[PDB]
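Asker: Let me start by giving you these chains from the complex, positioned as in the assembled structure:
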Amino acid sequence: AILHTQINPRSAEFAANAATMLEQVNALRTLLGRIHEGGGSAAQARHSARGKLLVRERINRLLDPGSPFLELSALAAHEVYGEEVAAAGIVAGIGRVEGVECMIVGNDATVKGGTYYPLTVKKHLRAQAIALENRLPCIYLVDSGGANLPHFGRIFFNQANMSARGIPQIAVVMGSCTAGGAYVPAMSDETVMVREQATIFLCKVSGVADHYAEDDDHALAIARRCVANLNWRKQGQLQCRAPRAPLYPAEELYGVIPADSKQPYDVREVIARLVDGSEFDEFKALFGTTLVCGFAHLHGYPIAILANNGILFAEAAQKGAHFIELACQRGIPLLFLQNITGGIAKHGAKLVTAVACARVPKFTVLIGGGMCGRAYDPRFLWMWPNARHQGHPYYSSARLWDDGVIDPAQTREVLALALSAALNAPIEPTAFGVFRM
Amino acid sequence: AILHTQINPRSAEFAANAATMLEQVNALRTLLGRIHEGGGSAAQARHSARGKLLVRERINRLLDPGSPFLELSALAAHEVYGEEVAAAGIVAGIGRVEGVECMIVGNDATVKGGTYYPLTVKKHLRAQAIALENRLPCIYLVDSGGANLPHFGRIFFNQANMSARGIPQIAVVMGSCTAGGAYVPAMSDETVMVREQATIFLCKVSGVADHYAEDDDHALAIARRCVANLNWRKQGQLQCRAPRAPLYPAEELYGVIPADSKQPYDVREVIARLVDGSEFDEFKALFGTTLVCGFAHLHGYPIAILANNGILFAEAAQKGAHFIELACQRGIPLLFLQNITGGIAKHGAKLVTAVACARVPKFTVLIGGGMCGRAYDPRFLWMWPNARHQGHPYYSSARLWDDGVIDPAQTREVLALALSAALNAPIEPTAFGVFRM
Amino acid sequence: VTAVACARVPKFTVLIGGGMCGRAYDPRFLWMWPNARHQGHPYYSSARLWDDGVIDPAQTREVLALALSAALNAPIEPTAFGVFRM
Amino acid sequence: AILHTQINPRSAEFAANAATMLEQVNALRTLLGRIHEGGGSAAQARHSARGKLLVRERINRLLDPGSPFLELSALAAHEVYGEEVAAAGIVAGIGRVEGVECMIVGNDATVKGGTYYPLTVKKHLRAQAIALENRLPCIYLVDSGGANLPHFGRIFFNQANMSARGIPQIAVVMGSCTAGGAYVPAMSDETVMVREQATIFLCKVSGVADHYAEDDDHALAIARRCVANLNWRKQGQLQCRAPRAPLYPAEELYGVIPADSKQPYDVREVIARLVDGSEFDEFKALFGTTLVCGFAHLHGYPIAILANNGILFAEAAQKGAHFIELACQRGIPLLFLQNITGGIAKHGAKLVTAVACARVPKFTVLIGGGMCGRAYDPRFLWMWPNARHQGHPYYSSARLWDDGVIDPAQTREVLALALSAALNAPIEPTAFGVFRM
Amino acid sequence: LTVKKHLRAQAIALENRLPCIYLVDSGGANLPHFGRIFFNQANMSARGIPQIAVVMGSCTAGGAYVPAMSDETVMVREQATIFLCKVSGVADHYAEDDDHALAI
């Protein structure tokens, strides 16, 4: 059960670690801060000038009062194109709307007139991928100036299949539906349209609107009434316990991560500051010590963790496959804390198969530097800033190789929101391939 | 959300409307009052004389203390035969018995000795039809003098199939089991028999009784112990909210309905006085304005309404089909508020198919004068008195073309009891035919 | 009754003479021989759809055959019976 | 409903009955008391000497504080072999562990060094049979000196299939894993091993251990953390009511049973002292009076009882088959109170088929002297001491023909724990054979 | 062991879904474990594995249930002592002799 911390908060080697980390968390807070302006206060003023709410103003009004919002991939497109395309011009994230956790996707009209750059499409899709896999109703705040005036459509395909699967699709048009865009609302179960403001160019004339609104505020109010009538019930079943905080403070995580990549540390100190009551029941602690494995709870949600603590060797691969076999048997979500430092394959296979076939929801956080990320399709994949020019978290995060860079001191909160979003969907039983014994 | 009423209660055009309506509600209360006597105080005294409880005295004793009772088709047979056959000589209705909502069906021995006239059979069956579709356990209070001394059997067939489907069948014989009747208890999972009083003519000699009783009171007491051991669980799943009353008084409904058939009115004023908190979220308010469609809640139960507001045109048919598509997707019950005033069929088809195939429970109330009633098999079908000699609600109601004429000021209560009865059964997912695009 | 009511295999009925009874148990089809039983004449019922027609006794085998086969377009459900009153 | 007792507690014929009964309950308490020592205070001291907890000390430490424990077959092997083999050297029983009801099976190392005698195997299996049928996670406290140095393996087969069915298998090795034994932990999802104390002879060298422990106390503590992460949910569905005690005292049961086998009594007096509120709703009280049948509740759990009250005749067989048909329809557990005192088969068949095919959980208690015990595979089968040298409860109980002899004054408690254990598993719907009408 | 074997046969008949045909002819369940047998007949019948009894001798003691517990029983008349058609009520087909019986 309960973990004892060997980390000295008031030490100097510590402050050094917290030094570079806080340093990075702050680089991030700044960039995001920038990214928050879309196309500069320039375009933003122009937009507010036309009497329209900004994409993020819409998102905050649509949400339930005080609701958390889990923004997905904000570093999208960063330093990828010629100029800037803040967050690829689309703001995605999960938030509560009339008690239901919804996938919200809005076009930032103030970024190239909300025109889909390749990565804009990739991100819009990525959001749906998430909305489908986790059974999250969708709300698209449409406002776009093209699909690039000077890949898509797949988008509509998604709207149709989710609608077919009972995952309600809602469109709110508060701007232009240029080119493709026009289908986004066409392809939604319910569309809210802004009248005499929102240029509908390629209610009862477009025949793609089921609710008409005076302004952006009215529109979002209606969009809320829409979600209000989804008669929604979550399908994920689990033995949730009442939440219990970790014994040590969140921020201490900054000090835990050695400032030097080489300098080995015990990942257990990272787990101890994420899980409930800091209780971690380790599995085969003396075997495959390179892979730490154990059970725990996070915000009352039972999870099975696997964190890298060195190089993956045979015994580790086995340890790991056995552990995932356990988790799937019991229908417990999987937490992968990845930091990949660096005959063999015979056993690595077993791990692969376990990780590949495991059907419970999986979550992955890169906290360091086989297995690997988007390769196993985890519900979400986040990266800590300290993780690794062409290897910078910003590099990948900017190309949707993950769902964003997050604050280490918030990992527990993020994993919690995620686990819960995931629970909207059922937890399938698992079938594994032929394990190469 | 919230509806604003344009109806002036203290007006004169109003009082005029409330005038003819209250007038009719009172015609009804009287007839029923009459119908309540079965075969006159004559036969009733004779019956009580033999020491027996009257059919309605039995029904009230069987029920849980204070329980509501939803009588089905009381106007059955009215002015259909030679003389009178009050309620066709059988009193049907849904009521609580040991916390379970049950379909109760009793023979009024004081009406031609409780002899099945054609409509008596039609009604007995109709009750079972309801008991099957809504998965309501059955309790038959047997007391009959024939199947007509001077169509049936289908009845037993029903007992067998419901029994097979796990819908418990209970018989309580407190009188004669003449002709067919003898099988009613034979065909029930459990039969309660009255000894040395209840002439069993075509316990352990009829071999059709599993419980013996001294008198009608003992019998019904036993019948209660029977339902007490059904180990019953309702199967309908829904996001029920705690009930909230409508902003305006029930009775105001009398004034809303124009006294003149022609004189058009907004059906939304009828909805506003039925749904919870008077909140109605209308769908496509500006398209097919002849068909009002929206979501709401009634006694915490989420419903999707469709009320006639004129002649059904193309756009309306479409509007409607789309809306029902939504409701089925979400598993929300359907409320049809029908008042049918009066190339085309291409779209009407879509509506038909949606209405025909929709598998959620459907409820229909005729509040005025394609689509149409018993044609789409709604769980129940009620008529307001103002609705339309051979077109009088009494005409149809008397021939089981509906489940009864109800008080407009009680529609919300009736729909509520109904919706809940319906919930004993699951809510099937829907499969639609080929929509003629 | 219960056996006949609940039985889910296809059922066919032919009236060849004069409980149980016809349309009461919902057989796939119901035919009547002419010799069967004014208000009791096969024509009476047959004319009011109480059955699917009066057929030639010498053809019953053929009719039952076509019917059985028509029936086979649909699956043959497994059966669940009510509580048999032992 | 409520039963009136015709039993006079302060009578003399009574005290006579309570006389022989209490007499027997005490013979039992003594033998068990003996059986509790395993291989005498001799071996027990030797064992505690080696610093090890005794099998029953382990069982009590493993359990949740204060938890009841339902020991299975303690009279196993009694006077069957040469010398003694207390409880066949294995202590089995159901108990709470981290809120989960688990099947616990431990080797009494102090009985021939915990060596499997034929009946030891039979009992170990019997425990699993129960663990499978009732979906009870397993915890094996391993400590054995052989499979007989001077049938098995079936055991491992069971471990595999339960593991496959999601019924978690846990091994705790606190001693020797001689011969077969070595596979018991090998075949478990999770094994807890005691280091430098528990001779592992046929962690990472046996490769059969996933948790290492300093001592027996550490081990059992870990075993608890194991069950703590089963993410367990019970699957039995029932309309449980809050528990209500019987109107008469438990002990009065001693007086009820005539001291003389011949002397007939009303079994209803036995039911009245077991069921909640003493309410028993009898079915066909005047038909087949040799077989009493009715519904009731026990610790809020609804049950359908069938108790022998004489010789089984035709009408009784029928009565009984009909009743079980009812119970299965409703998914109510069956309680058989058997006391078998002593053309025909035509009807007995019906009963057989009903009893054989009924798929709800069945429980049987022999309280006296076709049908019969282990023949119908009831979840459990217990015997009262008064029941019937080669016919003595000890005879059978010692050869696993039942799950133990229990105190009549505790039957209600035992049936309650059992019913609840049973509820870990779902309640299958029933399919009956062809009833010979 | 007779019981153990009779059961073993059913175990096989169940697991492999093999219809059963019991040729009954017994003088006891030992005049100077069983019943489980009938339990099996019921469950296989329930699973749609047809149970058939052919009594060509004595149905002493338990035995009497074997045919009682079968979907269809063929009985030999005036030869096969039925001691513990329409009087035992456990027979659905009557036969003159063993050859007729097996033919049925």
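Answerer: Okay, I see it. Residues are numbered from 1 along each chain as shown, chains lettered A, B, ... in the order given.
Asker: Please identify the buried residues of stretch A:274-293?
Answerer: With burial defined by 16 or more other Cβ atoms under 10 Å in any protein chain shown, the residues of stretch A:274-293 counted as buried are A:274-285, A:287-288, A:290-293. Bear in mind the C-beta positions are built from the backbone N, C-alpha and C, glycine included.
Asker: With stretch A:405-420 instead?
Answerer: Neighbour-count burial for stretch A:405-420 [16+ other Cβ under 10 Å]: A:405-409, A:411-420.
Asker: and for that stretch, what are the contacting residues?
Answerer: A:21, A:25, A:28, A:68, A:70, A:75, A:94, A:101, A:246, A:250-251, A:253-254, A:257, A:273-275, A:298-299, A:301, A:303, A:333, A:335, A:361, A:363, A:365, A:367, A:379-380, A:382-386, A:393-394, A:397 (Cβ atoms under 8 Å, 6 or more residues apart in numbering or on different chains).
Asker: circling back to that earlier point, in helices, which of the buried residues of stretch A:405-420 appear?
Answerer: Of these, the ones assigned to helices by DSSP state H are A:411, A:412, A:413, A:414, A:415, A:416, A:417, A:418, A:419, A:420.
Asker: Closest one of those residues to chain E?
Answerer: residue A:419 (42.9 Å; Cβ to the nearest Cβ).
Asker: now the closest one: how far from residue A:73?
Answerer: Distance, residue A:419 to residue A:73, by Cβ to Cβ, to the nearest Å: 19 Å.
Asker: separation between residue A:19 and residue A:366?
Answerer: Using Cβ to Cβ, residue A:19 is found at 21 Å from residue A:366.
Asker: Now intersect the buried residues of stretch A:274-293 with the strands, please.
Answerer: A:281, A:282, A:291, A:292, A:293 (DSSP state E).
Asker: ok, the fourth one - contacts?
Answerer: The one in question is residue A:292. A:267, A:268, A:271, A:282, A:305, A:306, A:307, A:308, A:309.
Asker: do the second one as well
Answerer: Residues near residue A:282 by Cβ under 8 Å, 6+ apart: A:268, A:292, A:293, A:294.
Asker: go ahead and place chain F:
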Amino acid sequence: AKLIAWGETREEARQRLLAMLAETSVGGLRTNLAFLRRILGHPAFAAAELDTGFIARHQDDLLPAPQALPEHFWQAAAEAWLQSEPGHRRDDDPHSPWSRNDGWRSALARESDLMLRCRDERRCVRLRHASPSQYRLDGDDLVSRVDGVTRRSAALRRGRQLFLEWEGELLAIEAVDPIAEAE
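Answerer: Take a look at chain F, now in place beside the chains above:
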């Protein structure tokens, strides 16, 4: 127990003590409480006409004899009982309008019929009201409205028994059990 009331004058103590006896209920036994209520409320006792023979003297007024109870009563008892018996809310469907102890009927008036038995007498109170009003019940108080006069008395439910305050005497009321007695 011993009930003591203090007052400035003796009338005060008396009137207060009397109120303490009104507000005291005891059921499941026979009690000298109704007796004591009468004594303090006796003109003889107010006038202080005391001597050690007071008890045996006014016995006729102190120890009356029962009067069967009026239809005035059964209606009251019924309403009370019916309202002390909610309706069973099922976890299946918690807000079911079917849980109303209302008596709701379709077009006609609310019908509720109760088989009550007080002391060794039994009535079949039939409650009808196309007027929802009449009685209500909060805590241990039955609030009745006999057209114009809103009065309130004790009505306490303990187990399968309803103890009603009627004319300064606690009456135990319970439902008739057709099965129990038939047996």
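Asker: Residue A:241: neighbouring residues, count only.
Answerer: 13 (other Cβ atoms under 10 Å in any protein chain shown).
Asker: how far is stretch A:266-281 from where the chain is centred?
Answerer: 22 Å (Cα atoms, centre = their mean, to the nearest Å).
Asker: Same check on stretch A:67-76?
Answerer: 7 Å.
Asker: Tell me how far residue A:241 lies from chain D.
Answerer: 10 Å (Cβ to the nearest Cβ, to the nearest Å).
Asker: got a list of what the residue lying closest to that residue once chain neighbours are set aside touches?
Answerer: Sequence neighbours aside, residue A:300 is the residue nearest to residue A:241 in space, at 4.3 Å (criterion: Cβ to Cβ, 6 or more residues apart in numbering or on different chains). Contact analysis of residue A:300 by Cβ under 8 Å, 6+ apart lists A:240, A:241, A:242, A:243, A:244, A:276.
Asker: cutoff 10 Å now
Answerer: A:238, A:239, A:240, A:241, A:242, A:243, A:244, A:276, A:416, A:419, A:420 (Cβ atoms under 10 Å, 6 or more residues apart in numbering or on different chains).
Asker: beta partners of residue F:118?
Answerer: residue F:121, residue F:173 (DSSP bridges).
Asker: Residue A:174 versus that one, what's the distance?
Answerer: 71 Å.
Asker: for residue A:268, same thing?
Answerer: Distance from residue A:268 to residue A:174, by Cβ to Cβ: 49 Å.
Asker: The two - which one has more neighbours?
Answerer: residue A:174 (27 against 21).
Asker: Report how many residues lie close to the spatially closest residue to residue A:113 that is not a sequence neighbour.
Answerer: Leaving aside its sequence neighbours, residue A:113 sits nearest to residue A:145 (Cβ to Cβ, 6+ apart; 2.7 Å). Using other Cβ under 10 Å, residue A:145 has 22 other residues around it.
Asker: give the contact list for the residue nearest to residue A:357 when sequence neighbours are not counted.
Answerer: Excluding the flanking residues, the one nearest residue A:357 by Cβ to Cβ, 6+ apart is residue A:432, at 4.5 Å. Shown in contact with residue A:432 (Cβ under 10 Å, 6+ apart): A:321, A:324, A:325, A:328, A:350, A:353, A:354, A:356, A:357, A:358, A:359.
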